[PDB]
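Written out below as structure tokens is the structure these notes cover.
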Amino acid sequence: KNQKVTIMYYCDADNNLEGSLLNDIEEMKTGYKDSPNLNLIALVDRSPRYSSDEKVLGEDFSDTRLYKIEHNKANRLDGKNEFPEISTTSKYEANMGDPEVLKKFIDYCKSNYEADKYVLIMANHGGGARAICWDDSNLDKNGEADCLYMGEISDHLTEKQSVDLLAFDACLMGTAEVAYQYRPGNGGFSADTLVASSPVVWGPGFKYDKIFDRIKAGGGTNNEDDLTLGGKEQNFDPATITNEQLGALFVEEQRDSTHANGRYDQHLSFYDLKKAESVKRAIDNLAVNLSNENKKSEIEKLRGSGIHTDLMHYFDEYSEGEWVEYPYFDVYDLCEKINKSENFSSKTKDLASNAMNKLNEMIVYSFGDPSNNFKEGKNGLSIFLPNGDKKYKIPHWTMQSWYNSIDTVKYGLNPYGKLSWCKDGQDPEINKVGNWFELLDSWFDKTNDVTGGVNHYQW
Ligand code: NA
Ligand code: NA
Ligand code: NA
């Protein structure tokens with residue numbers, strides 16, 4: 001009733017999105033309403049090549065800094081003990097792709113700005129369940145920009161850094177694997193609720209000024225209609241705001257901002273992550289059935305290929321590169337087409353209906369393309385469904401060994417796997433499918449000896 005809310009903005013502007021993220025910070029300063037129940041602490045890492053702005057944060061710089069944002073104001077902070085490399089006069093360059101930096105940021109905010117509710121907004125690029133936050137200041141073992149892999153974040157972060165809400169201001173983050181990775185009760189770092197978009201997010205990103213202009217005490221409303229909650233858009237007191245109200249804020253303001261500019265391809269969803277497991281298990285059941293009834297042909301006919309797909313998806317199907325990297329399809333649409341197709345038995349239909357029920361329970365709010373018959377609260381979550389047999393000649397599935405449960409670098413594959421979505425629910429028996437990962441591996445890996453085929457996993 002008199003809670004305090006700390007919002008931690010992990011701003012990785014060390015890339016081409018620097019100007020957009022500086023505009024986002026300006027929007028935060030504009031919309032932020034000063035209150036003793038609210039804190040906005042931002043770890044901003046800028047770039048030395050793109051934007052040369054000096055009006056948002058007071059000067060032009062290229063290092064990593066800690067700021068506290070208030071109305072029309074951003075005061076630079078000291079790193080103190082949790083981040084001793086950062087001071088009010090330091091010139092420290094951080095690697096935002098290093099999960100230890102994110103860990104130090106979360107610990108700093110929890111130590112110096114204690115609160116009853118924690119929100120974590122991670123802002124950068126995004127690439128599904130593989131990664132997030134690419135940093136141009138540090139190069140990996142391939143000469144590319146270092147990034148945060150989901151399994152890497154789980155490996156380095158513990159339960160001490162768990163948050164109440166996790167917002168991904170990045171592309172292609174609303175996947176079932178991502179939501180399951182950070183579910184509460186996984187033993188380590190987790191988020192009670194997740195805000196994410198299944199497809200790419202447009203340039204402007206989130207309309208933070210409107211969001212923070214609605215995080216205000218005193219009650220009241222504006223004249224704008226609320227299409228997620230019904231009625232008029234309400235103001236939510238920081239002393240009493242809940243996870244659901246903040247998520248509805250994100251979803252509704254993104255809907256209004258995107259549709260105002262005629263961008264009906266944009267999406268955003270709010271998930272209760274304590275339902276994530278309930279969805280995963282559900283899909284897993286379906287997966288087992290899909291293995292036992294030899295339905296690879298029918299699922300491939302539902303998914304499609306090339307530019308001819310009828311499943312609701314969140315990538316540019318005209319780009320084979322996106323087919324290889326982000327073949328993410330809507331889970332609810334897949335289960336609905338299974339349940340309504342005449343190429344599936346009654347058992348498969350019932351398992352798909354159970355998956356739909358769990359999905360409806362998980363996805364609290366969502367908005368999408370109305371021309372695609374988007375079902376709010378049902379559509380809005382994606383799942384990895386590759387064209388594993390299509391050759392590029394190299395098959396797609398061999399280029400997707402990152403979608404794995406193992407330590408891929410330890411087995412010579414491309415950086416990082418360790419996705420709990422792929423690990424949990426595996427059937428230890430050989431030639432036996434236990435979960436979605438093993439189903440895909442059984443469908444697309446042509447050899448299954450002890451060496452584990454192309455992804456070094458024996459299903
Ligand atoms: Na950096
Ligand atoms: Na509205
Ligand atoms: Na394999």
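Residue by residue, region 62-69 carries 3J(HN,Hα) couplings of 10, 8, 9, 9, 10, 10, 10, 9 Hz when phi is fed to the Karplus relation 6.51 cos²θ - 1.76 cosθ + 1.60 (θ = phi - 60°); x denotes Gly or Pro. Taking each of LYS4/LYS104; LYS1/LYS207; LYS73/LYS110 in turn, the alpha-carbon distance tops 24 angstrom for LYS1/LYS207.
Please report the orientation-averaged projected area of the chain, defined via the convex hull of its C-alpha atoms, in nm². If you can, show how the numbers build up before the last one.
Numbers: hull surface 86.1 nm².
For the chain, averaging the hull's shadow over all directions gives 21.5 nm².
The convex hull defined by the C-alpha atoms of region 232-362 has an orientation-averaged projected area of 10.5 nm².
List the trypsin sites (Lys or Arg not before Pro) within region 1-64 that fall in a DSSP loop (any state other than H, G, I, E or B) and whose Cβ has at most 15 other Cβ atoms within 10 Å.
Values: sites: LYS1, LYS4, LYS29, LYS33, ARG46, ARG49, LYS55; in loops: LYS1, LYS4, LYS33, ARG46, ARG49, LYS55.
Of the trypsin sites (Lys or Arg not before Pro), the ones in loops of region 1-64 whose Cβ has at most 15 other Cβ atoms within 10 Å are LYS1, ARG49, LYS55.
Once both labels are positioned 7 Å from their Cα atoms along Cα-to-Cβ, the gap between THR88 and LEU311 label points is 5.5 nm.
Applied to region 424-440, the Karplus parametrisation 6.51 cos²θ - 1.76 cosθ + 1.60 on θ = phi - 60° returns per-residue 3J(HN,Hα) values of 5, x, 5, 8, x, 5, 6, 6, 9, 8, x, 9, 5, 4, 5, 4, 4 Hz, with x for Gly and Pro. Note: region 1-125, Cα convex hull, 98 Å³ per residue.
Using DSSP, restrict attention to beta bridges with both residues in region 5-266 and report what percent are antiparallel, rounded to the nearest 5.
Details: 16 of 40 bridges.
If I count the DSSP bridges inside region 5-266, around 40 percent turn out antiparallel.
Between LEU229 and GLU114, the simple spin-label model (points 7 angstrom out along Cα→Cβ) gives 3.0 nm.
Which loop trypsin sites (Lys or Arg not before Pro) in region 258-288, with loop taken from DSSP, have no more than 16 other Cβ atoms within 10 angstrom of their Cβ?
On the way: sites: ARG263, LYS274, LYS275, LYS280, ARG281; in loops: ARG263.
Of the trypsin sites (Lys or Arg not before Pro), the ones in loops of region 258-288 whose Cβ has at most 16 other Cβ atoms within 10 Å are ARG263.
Taking only the C-alpha atoms of region 5-266, the Rg (one decimal) and the largest Cα-Cα distance, Dmax (whole number), read 17.4, 54 Å.
Size descriptors for region 247-303: radius of gyration and Dmax over Cα atoms are 17.6, 48 Å. In region 116-257, Rg over Rh equals 1.01, where Rg is the alpha-carbon radius of gyration and Rh the Kirkwood radius from pairwise Cα distances.
Using a simple spin-label model with pseudo-atoms 7 Å out from Cα toward Cβ, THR221 and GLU320 lie 5.4 nm apart. Between region 83-118 and region 267-286, the alpha-carbon centres lie 31 Å apart. Each DSSP beta bridge with both residues in the chain is either parallel or antiparallel, and the antiparallel ones are about 55%.
Say the cut-off is 23 Å between C-alpha atoms; which of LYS358/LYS432; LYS280/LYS446; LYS280/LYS423 go over it? Don't skip to the end; give the middle numbers.
Details: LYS358/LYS432 25 Å; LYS280/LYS446 26 Å; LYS280/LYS423 12 Å.
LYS358/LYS432; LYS280/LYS446, as the Cα separations exceed 23 Å there.
Proximity of backbone amide H atoms, modeled 1.01 Å from N, is registered between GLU224 and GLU233 at under 5 Å, excluding neighbours fewer than 5 places apart on the same chain.
Quote the FRET efficiency, to the nearest 0.05, computed for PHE61 versus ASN373 with a Förster distance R0 of 56 Å and r equal to the Cβ-Cβ distance. Present the calculation step by step, with values, prior to reporting the outcome.
Values: r = 48 Å, r/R0 = 0.85.
That pair, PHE61 with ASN373, gives E of 0.75.
Within a straight-line Cα-Cα reach of under 20 Å, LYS141 can be paired with the following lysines, leaving aside sequence neighbours fewer than 8 residues apart in one chain: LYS410, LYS418.
Per-residue ellipticity at 222 nm, computed for the chain from helices alone with -39500 (n - 2.57) per DSSP H run of at least four residues, works out to -9000 deg cm²/dmol.
Every residue, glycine among them, receives a Cβ derived from its backbone with ideal geometry; neighbour counts consider all protein chains shown. Read the figures in this text as sums done on the coordinates, not as results from a lab.
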